[PDB]
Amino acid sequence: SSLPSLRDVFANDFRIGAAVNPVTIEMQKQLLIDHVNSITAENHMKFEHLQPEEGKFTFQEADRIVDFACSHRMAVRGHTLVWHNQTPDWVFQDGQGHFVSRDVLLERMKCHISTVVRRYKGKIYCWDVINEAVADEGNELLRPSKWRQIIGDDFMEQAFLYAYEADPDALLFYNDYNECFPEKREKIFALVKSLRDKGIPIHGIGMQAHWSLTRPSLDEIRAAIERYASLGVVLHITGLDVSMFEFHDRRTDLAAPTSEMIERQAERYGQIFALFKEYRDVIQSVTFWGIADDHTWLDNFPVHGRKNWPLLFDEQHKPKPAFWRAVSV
């Protein structure tokens, strides 16, 4: 009513987005209409929800998400084309059950990318082409995956070129999490620099920002933004949430967040959006992975069956103290 609108507050700085599905669009419709000007599919544009079997395309739920966004003047981010998760086994197998060749997987990759991207061309302005290809642990640069194993390390080059051919007006993104821990930051920077230095059409880096109250520090976030911005790419914050639990905190029995967690989350969100507003010249969109605490994937990850309170609105869709600091930067 008298509440400020997130997209309006940040009109001059970046788009404000939310990850949704057909159910949460109904359940949180008014929040979305009042606050966001960008929408991402939380799951229904991943491989397994678009081509569950070869040649069987299931666009119904993704269509509903795109339809909602377009009927409310919201942009859409496409998430995601090539990922080591949520991809069916058929993609990598032949009739016998063995792994396909590099040429066969490339044909399947191109056909998926072309069919998916062409359908939403001119409604979807950018795509997370490659998701989470960098290793999250160890000394290696690249996480193992059947994509990488079968095609080789140039699978990402091919995926970007395929998406560019299908919609050359789209902004194409490398998207990843823990993007601000220095060791991983440098892997991501190295990987993207490598692709850009080969003329590969990668225009943006997606910072998932699945963050905690403590990690990463404001200094690590600032350094990552600058390190990524120095490549000349655009920056999207693609899956922002602020977990009430650190990585080591696998507690199951907390039925409400403490006054201290709520207060420290407000302060944390205030600091994060001040930092974003400061880098408004290179950050063009900030998407939350949800919008209110009645739906969050953090309820079940990394601990199944608990509850988390990661967003700017509570389960009753009322603004949290985090809301007020976020909009007053």
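So that there is no doubt, residue numbering starts at 1 and follows the sequence shown.
- According to the PDB record, 22-30 carries the higher mean C-alpha B-factor of the two stretches 285-293 and 22-30.
- When the mean C-alpha temperature factors of 87-95 and 224-232 are read from the deposited coordinates, 87-95 comes out higher.
- Per the PDB entry, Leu254 shows the highest C-alpha temperature factor of the residues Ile124, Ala163, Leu254, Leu240.
- Listed residues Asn43, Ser38, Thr58, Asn300 were ranked by CA B-factor as deposited; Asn300 comes out on top.
- Remark: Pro310 belongs to the lowest third of its chain, ranked by C-alpha B-factor as recorded.
- When the CA B factors of the chain's modelled residues are split into thirds, the value for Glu107 lands in the highest one.
- In this PDB entry, the Cα temperature factor of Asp136 sits in the top third of its chain's modelled residues, the highest group.
- Per the deposited record, the Cα B-factor of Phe181 falls in the middle third when ranked against the other modelled residues of its chain.
- The PDB entry assigns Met261 a C-alpha temperature factor belonging to the highest third of its chain's modelled residues.
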